[PDB]
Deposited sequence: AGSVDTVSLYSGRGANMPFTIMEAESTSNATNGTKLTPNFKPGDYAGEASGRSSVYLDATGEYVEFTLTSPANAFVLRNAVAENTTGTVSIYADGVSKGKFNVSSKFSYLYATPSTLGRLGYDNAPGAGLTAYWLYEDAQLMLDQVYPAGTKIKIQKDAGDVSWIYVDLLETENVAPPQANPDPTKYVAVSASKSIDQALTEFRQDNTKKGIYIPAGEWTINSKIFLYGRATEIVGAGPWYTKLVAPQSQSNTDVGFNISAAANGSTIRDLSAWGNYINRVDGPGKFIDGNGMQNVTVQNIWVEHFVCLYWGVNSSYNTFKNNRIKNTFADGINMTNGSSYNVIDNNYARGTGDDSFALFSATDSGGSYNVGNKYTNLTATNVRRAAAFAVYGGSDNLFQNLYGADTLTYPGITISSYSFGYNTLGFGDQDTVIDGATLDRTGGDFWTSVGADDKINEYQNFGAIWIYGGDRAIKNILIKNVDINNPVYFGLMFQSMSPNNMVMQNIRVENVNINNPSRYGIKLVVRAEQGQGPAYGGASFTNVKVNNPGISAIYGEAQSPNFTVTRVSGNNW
């Protein structure tokens, strides 16, 4: 792509291709800011009746997602036009946006949705979904316009456009027990469990309350919807933070959940509950073509292996999108799109079995990461991250590569490579933690590059980063750092075929003193065909001050 191959096209409102009589925001990298938090770091602000932004379709579309910001605690409309003719109203809302913290308490991002004395609002954008009764061809002018009776003001960030096929029917009513207006999901599963001729259940187009965690057991179960635009599992929207979804017991290893959406009711992060799918230790489970929003996570695996997560959309969550932890091995995390996660969008956390091994995170997109990284790998061995697109992180790298234990029982990285191969990272990095007594001090925070290679308290070894384009990172392209006093020696760290374009500070930073008590990096890294283009200050910082870190310029470096 790079990244996931999705049927929807992402179009930025602020494109110079888009006529507008509204106000185009100049970009910045600030959390809590309507530009800093926008995709592309810009949006078009509509603030008077008749103000519009005009998109042009580049593929046919009958369905649309409008990423937007409106006033806190409000709902209303904004209008959609096709070739100058009005066609409907988006239902725009800040029900799930505006999370409160302070600049010195960004660890609270996502945890508190209530305004309060001294608190600043963050996580300002949210989405409106709308299907129209016609497929419009490429070249159609799709105008978002503020008409009389629409909201007082709205920031228009981007538009998804998609040509959604008609809903798919029950594949076979004699094999898939249908959920219906008078037969619940649980009742259909009971009929399935008790009749061995059934393969699973079918959930038709419609809105279906999920007010519980739905347990899958007995045997491998198929759960099949009509398509994610059509089958909507809905947490009770007059409640908040209800732990609902599926929980897959061991007897239902080998299950498949596909072709549906799930609309949670979380308005803040909670730690433990809130994953749409629970499945601790699950094996051979497939989760495919589902669209989930407003949960804490889609899935947080614990010693979960041989699973497949494919073609999913994970948007506007309060922590990670998908994390696989504590022994999770041989998983296929392929062709998934995440936008607006509340912690690491796609993560792998290795802990003691010894390592998470053999995982393949491929063709992944993670954008508008509202806290932490687009992609994060914490230890492990023989894991592949391939064809990634990451962009617009609020607080942290595009890719975190870290051997910090976080206090858990882990050995760090193992004896086979952790590979990042093929990645584009646009406007990644950000501010987090504090930098009291730091070298190279530019503000009150620590400052994170597009890729952070962090040796923590465990082994940091066998890391291959290749075929990466880093465009306009907030601060740096590559940032290497060793935790003191552990000073783990970085070994077999190699960087190949990397372009670092317009970093505001440095192409490469070797962190010399992150904060009081910390020192420079230990070990070294090799660089082959790594280009640093137009750095704000200099191509590399920290090399002379890092006498125990060896930069090896193999060939092809312009620095």
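Unmodelled regions of the deposited chain, listed from N- to C-terminal end, are 1-11, 364-366.
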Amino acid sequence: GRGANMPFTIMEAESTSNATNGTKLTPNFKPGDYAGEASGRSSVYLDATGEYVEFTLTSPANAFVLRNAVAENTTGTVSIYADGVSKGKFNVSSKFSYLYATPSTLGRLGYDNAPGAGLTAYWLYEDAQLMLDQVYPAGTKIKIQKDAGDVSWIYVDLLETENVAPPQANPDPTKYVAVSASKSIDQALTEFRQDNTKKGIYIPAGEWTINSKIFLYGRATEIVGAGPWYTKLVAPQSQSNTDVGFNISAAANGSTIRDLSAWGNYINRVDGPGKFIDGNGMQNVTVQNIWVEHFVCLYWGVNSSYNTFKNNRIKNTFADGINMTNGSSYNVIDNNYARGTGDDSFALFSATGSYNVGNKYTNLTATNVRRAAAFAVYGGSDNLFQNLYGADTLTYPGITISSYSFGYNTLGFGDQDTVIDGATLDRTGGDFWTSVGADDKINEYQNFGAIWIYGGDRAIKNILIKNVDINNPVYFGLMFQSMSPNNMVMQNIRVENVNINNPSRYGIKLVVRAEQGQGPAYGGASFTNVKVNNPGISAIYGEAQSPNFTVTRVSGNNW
From here on, numbers count along this sequence of modelled residues.
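Taking only CA atoms, the mean B-factor in the PDB entry is higher for 99-107 than for the other of 254-262 and 99-107.
Stretches 391-399 and 193-201 differ in mean C-alpha B factor, with the higher average recorded for 193-201. Out of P171, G206, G227, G340, it is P171 whose C-alpha atom has the highest B-factor in the PDB entry. Taking the deposited Cα B-factors for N462, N368, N73, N312, the highest one is held by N73. In this PDB entry, the Cα temperature factor of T49 sits in the middle third of its chain's modelled residues. Sort the modelled residues of the chain by CA B factor and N499 lands in the highest third.
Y408: CA B factor lies in the highest third for its chain, per the PDB record. Placement of the Cα temperature factor of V530 within the chain: middle third of the modelled residues, per the deposited record. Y355 sits in the highest third of its chain by CA B factor, as recorded in the PDB entry.
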